[PDB]
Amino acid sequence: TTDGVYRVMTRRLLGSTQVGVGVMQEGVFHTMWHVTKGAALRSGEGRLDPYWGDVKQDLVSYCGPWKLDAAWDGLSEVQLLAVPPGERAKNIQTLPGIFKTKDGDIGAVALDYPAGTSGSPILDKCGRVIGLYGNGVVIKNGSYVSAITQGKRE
């Protein structure tokens, strides 16, 4: 339960497969709904049970309520702490674009990683998590663009 970034693994497919990534903060594990589909997780000999989740937001928390509440300021570069399958964690700095929706505008990160990188955290210059990478679109020119997906701290 040390704070930090974690891989989410399964043995249900061939060998051991990385299906996504998440963030341990304040004793809560944070990831994208489509990574776990709300299943329980193991950490060593211990179990993490889902506590909150929402398919439309594509988010889920384990062991307690969603704790991440920092926001992209709309101006500054950010860092993706990318954790790709079988590869070391690496920081990638970028200026977000924008997703424009009927319900308002969201920052967007235009970086292409494999599906199992979903749930990698996006950071501000204070190292705060401003959202998770891995729900987005493929655009005309073929690139992957991710929303900056952030939950609500209740």
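So that there is no doubt, residue numbering starts at 1 and follows the sequence shown.
Between 28 to 36 and 109 to 117, it is 109 to 117 that carries the larger average Cα temperature factor according to the deposited entry.
Higher mean CA temperature factor, per the PDB entry, when comparing 62 to 70 with 38 to 46: 38 to 46. Note on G142, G131, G134, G22: the highest value goes to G142, judged by CA B factor as recorded. Annotation for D54: CA B-factor lies in the lowest third of the chain's modelled residues.
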